[PDB]
Amino acid sequence: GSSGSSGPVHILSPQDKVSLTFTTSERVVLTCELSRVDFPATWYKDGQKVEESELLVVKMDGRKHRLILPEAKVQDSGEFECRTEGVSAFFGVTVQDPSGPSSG
């Protein structure tokens, strides 16, 4: 038993809007917790679904969701959100390219 809850699922962390900054050609891994184990969710970037691929790794864990990135490109820079059946989180990301002497 041990039942008696009002909301289906509520986020535990973060608590409020966060801010993060990384450098191009680096690894970016976010973090998010939930109040429900084995619960579905969809990541959104800049208000647009994320294109899961080799450049985008999505790890899921009991009441724990995070977005990993092998190559944080200037494009990867934006706001992330772990949409779910209840609430959503906000993670600020900024990929700043390192000062390079006209190097390609």
# chains A, B, ... in the order shown; residues from 1 in each chain; ligands from 1
>>> closest_atom_pairs(of="stretch 54-89 of chain A", to="stretch 11-19 of chain A", cutoff="10 Å", atoms="only C-alpha atoms", output="JSON lines")
{"residue": "A:63", "atom": "CA", "partner": "A:11", "partner_atom": "CA", "distance": 9.1}
{"residue": "A:64", "atom": "CA", "partner": "A:13", "partner_atom": "CA", "distance": 9.4}
{"residue": "A:79", "atom": "CA", "partner": "A:19", "partner_atom": "CA", "distance": 9.1}
{"residue": "A:82", "atom": "CA", "partner": "A:11", "partner_atom": "CA", "distance": 9.7}
{"residue": "A:84", "atom": "CA", "partner": "A:11", "partner_atom": "CA", "distance": 9.4}
{"residue": "A:86", "atom": "CA", "partner": "A:11", "partner_atom": "CA", "distance": 8.4}
{"residue": "A:87", "atom": "CA", "partner": "A:11", "partner_atom": "CA", "distance": 6.8}
{"residue": "A:88", "atom": "CA", "partner": "A:11", "partner_atom": "CA", "distance": 7.5}
{"residue": "A:89", "atom": "CA", "partner": "A:14", "partner_atom": "CA", "distance": 7.2}
>>> select_by_dssp(residues="chain A", states="strand (DSSP E or B)", output="VMD selection string")
chain A and resid 13 18 to 23 28 to 29 32 to 33 42 to 45 48 to 49 53 56 to 61 64 to 69 78 to 83 91 to 96
>>> write_last_selection(atoms="C-alpha atoms", output="PDB file, in the first residue's frame")
ATOM      1  CA  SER A  13      15.983  18.734  -9.049  1.00  0.00           C
ATOM      2  CA  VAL A  18      19.787  26.746 -14.008  1.00  0.00           C
ATOM      3  CA  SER A  19      22.672  28.089 -16.089  1.00  0.00           C
ATOM      4  CA  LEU A  20      25.656  26.264 -17.586  1.00  0.00           C
ATOM      5  CA  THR A  21      28.484  27.170 -19.962  1.00  0.00           C
ATOM      6  CA  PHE A  22      30.824  24.923 -21.947  1.00  0.00           C
ATOM      7  CA  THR A  23      33.459  25.211 -24.675  1.00  0.00           C
ATOM      8  CA  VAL A  28      28.223  18.377 -21.850  1.00  0.00           C
ATOM      9  CA  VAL A  29      26.154  16.263 -19.461  1.00  0.00           C
ATOM     10  CA  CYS A  32      17.553  15.908 -13.666  1.00  0.00           C
ATOM     11  CA  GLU A  33      15.625  13.984 -11.010  1.00  0.00           C
ATOM     12  CA  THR A  42      11.070  13.760 -23.949  1.00  0.00           C
ATOM     13  CA  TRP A  43      14.014  16.161 -24.127  1.00  0.00           C
ATOM     14  CA  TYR A  44      13.492  19.520 -25.831  1.00  0.00           C
ATOM     15  CA  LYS A  45      16.070  22.050 -27.020  1.00  0.00           C
ATOM     16  CA  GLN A  48      12.297  21.907 -30.306  1.00  0.00           C
ATOM     17  CA  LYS A  49      12.481  18.126 -29.934  1.00  0.00           C
ATOM     18  CA  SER A  53      21.904  10.270 -32.426  1.00  0.00           C
ATOM     19  CA  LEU A  56      23.243  13.059 -28.695  1.00  0.00           C
ATOM     20  CA  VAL A  57      23.281  10.501 -25.880  1.00  0.00           C
ATOM     21  CA  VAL A  58      20.212  10.127 -23.666  1.00  0.00           C
ATOM     22  CA  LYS A  59      20.730   8.202 -20.429  1.00  0.00           C
ATOM     23  CA  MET A  60      17.774   7.126 -18.289  1.00  0.00           C
ATOM     24  CA  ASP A  61      17.738   5.880 -14.695  1.00  0.00           C
ATOM     25  CA  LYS A  64      16.952  10.198 -12.979  1.00  0.00           C
ATOM     26  CA  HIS A  65      17.322  11.637 -16.480  1.00  0.00           C
ATOM     27  CA  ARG A  66      20.316  13.406 -18.024  1.00  0.00           C
ATOM     28  CA  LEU A  67      21.461  14.492 -21.487  1.00  0.00           C
ATOM     29  CA  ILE A  68      25.026  13.713 -22.556  1.00  0.00           C
ATOM     30  CA  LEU A  69      26.889  15.190 -25.526  1.00  0.00           C
ATOM     31  CA  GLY A  78      20.451  26.354 -25.953  1.00  0.00           C
ATOM     32  CA  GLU A  79      17.829  25.574 -23.320  1.00  0.00           C
ATOM     33  CA  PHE A  80      17.075  21.952 -22.436  1.00  0.00           C
ATOM     34  CA  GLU A  81      13.899  20.551 -20.880  1.00  0.00           C
ATOM     35  CA  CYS A  82      12.935  17.042 -19.774  1.00  0.00           C
ATOM     36  CA  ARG A  83       9.251  17.097 -20.717  1.00  0.00           C
ATOM     37  CA  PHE A  91      18.677  23.845 -18.186  1.00  0.00           C
ATOM     38  CA  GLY A  92      20.592  26.753 -19.687  1.00  0.00           C
ATOM     39  CA  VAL A  93      23.483  25.733 -21.926  1.00  0.00           C
ATOM     40  CA  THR A  94      25.991  27.893 -23.800  1.00  0.00           C
ATOM     41  CA  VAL A  95      28.721  26.557 -26.087  1.00  0.00           C
ATOM     42  CA  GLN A  96      31.393  29.231 -26.504  1.00  0.00           C
TER      43      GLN A  96
END
>>> closest_residue(among="A:24, A:9, A:50, A:71", to="residue A:97", atoms="only C-alpha atoms")
A:24
>>> atom_distance(atom1="atom CA of residue A:35", atom2="atom CA of residue A:52")
24.2 Å
>>> decode(residues="chain A", atoms="C-alpha atoms", output="compact mmCIF listing (two decimals), in the first residue's frame")
# COMPACT_ATOMS: atom_id res chain seq x y z
CA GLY A 1 0.00 0.00 0.00
CA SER A 2 1.60 3.21 1.24
CA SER A 3 -0.55 5.23 -1.16
CA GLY A 4 -2.10 8.69 -0.92
CA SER A 5 -0.52 11.09 -3.40
CA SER A 6 -2.12 14.00 -5.26
CA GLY A 7 0.30 14.64 -8.11
CA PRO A 8 1.41 11.87 -10.50
CA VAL A 9 5.04 12.97 -10.84
CA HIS A 10 6.93 16.04 -9.64
CA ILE A 11 10.51 17.10 -10.34
CA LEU A 12 12.93 17.19 -7.40
CA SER A 13 15.98 18.73 -9.05
CA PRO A 14 16.82 21.15 -10.20
CA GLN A 15 14.45 23.36 -8.21
CA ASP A 16 14.63 26.41 -10.47
CA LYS A 17 16.09 27.61 -13.77
CA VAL A 18 19.79 26.75 -14.01
CA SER A 19 22.67 28.09 -16.09
CA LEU A 20 25.66 26.26 -17.59
CA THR A 21 28.48 27.17 -19.96
CA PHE A 22 30.82 24.92 -21.95
CA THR A 23 33.46 25.21 -24.68
CA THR A 24 33.21 23.86 -28.22
CA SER A 25 34.63 20.36 -28.71
CA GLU A 26 33.80 19.42 -25.12
CA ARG A 27 31.53 17.05 -23.19
CA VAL A 28 28.22 18.38 -21.85
CA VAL A 29 26.15 16.26 -19.46
CA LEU A 30 23.06 17.64 -17.73
CA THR A 31 21.19 16.26 -14.72
CA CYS A 32 17.55 15.91 -13.67
CA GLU A 33 15.62 13.98 -11.01
CA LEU A 34 12.00 12.83 -10.86
CA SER A 35 9.50 11.42 -8.37
CA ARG A 36 8.66 8.36 -10.47
CA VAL A 37 10.87 5.42 -11.42
CA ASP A 38 10.80 4.05 -14.97
CA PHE A 39 8.85 7.08 -16.19
CA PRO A 40 8.75 8.31 -19.81
CA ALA A 41 10.02 11.72 -20.92
CA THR A 42 11.07 13.76 -23.95
CA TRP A 43 14.01 16.16 -24.13
CA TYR A 44 13.49 19.52 -25.83
CA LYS A 45 16.07 22.05 -27.02
CA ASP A 46 15.27 25.71 -27.65
CA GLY A 47 11.63 24.63 -27.75
CA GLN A 48 12.30 21.91 -30.31
CA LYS A 49 12.48 18.13 -29.93
CA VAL A 50 16.01 16.72 -29.77
CA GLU A 51 17.39 14.58 -32.59
CA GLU A 52 18.71 11.51 -30.77
CA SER A 53 21.90 10.27 -32.43
CA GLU A 54 25.60 9.51 -31.98
CA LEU A 55 26.06 13.21 -31.25
CA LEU A 56 23.24 13.06 -28.70
CA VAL A 57 23.28 10.50 -25.88
CA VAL A 58 20.21 10.13 -23.67
CA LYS A 59 20.73 8.20 -20.43
CA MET A 60 17.77 7.13 -18.29
CA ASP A 61 17.74 5.88 -14.70
CA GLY A 62 15.26 5.23 -11.90
CA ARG A 63 13.89 8.71 -11.28
CA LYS A 64 16.95 10.20 -12.98
CA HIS A 65 17.32 11.64 -16.48
CA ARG A 66 20.32 13.41 -18.02
CA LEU A 67 21.46 14.49 -21.49
CA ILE A 68 25.03 13.71 -22.56
CA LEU A 69 26.89 15.19 -25.53
CA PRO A 70 30.18 13.91 -27.00
CA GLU A 71 30.72 17.04 -29.09
CA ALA A 72 29.15 20.25 -27.80
CA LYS A 73 28.83 22.23 -31.03
CA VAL A 74 27.88 25.91 -31.15
CA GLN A 75 24.48 24.57 -32.21
CA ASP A 76 24.09 22.37 -29.14
CA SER A 77 23.95 25.66 -27.24
CA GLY A 78 20.45 26.35 -25.95
CA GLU A 79 17.83 25.57 -23.32
CA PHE A 80 17.08 21.95 -22.44
CA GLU A 81 13.90 20.55 -20.88
CA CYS A 82 12.93 17.04 -19.77
CA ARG A 83 9.25 17.10 -20.72
CA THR A 84 7.19 14.59 -18.73
CA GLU A 85 3.66 13.69 -17.64
CA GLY A 86 3.51 16.38 -14.97
CA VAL A 87 6.18 19.08 -15.15
CA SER A 88 9.28 20.14 -17.07
CA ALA A 89 12.80 21.28 -16.19
CA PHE A 90 14.93 24.11 -17.57
CA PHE A 91 18.68 23.84 -18.19
CA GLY A 92 20.59 26.75 -19.69
CA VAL A 93 23.48 25.73 -21.93
CA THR A 94 25.99 27.89 -23.80
CA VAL A 95 28.72 26.56 -26.09
CA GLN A 96 31.39 29.23 -26.50
CA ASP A 97 34.14 28.53 -29.04
CA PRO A 98 37.73 29.02 -27.80
CA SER A 99 39.67 31.95 -29.24
CA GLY A 100 41.52 30.52 -32.22
CA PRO A 101 44.12 32.29 -34.39
CA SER A 102 42.41 31.94 -37.77
CA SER A 103 42.79 28.19 -37.27
CA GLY A 104 40.56 25.75 -39.12
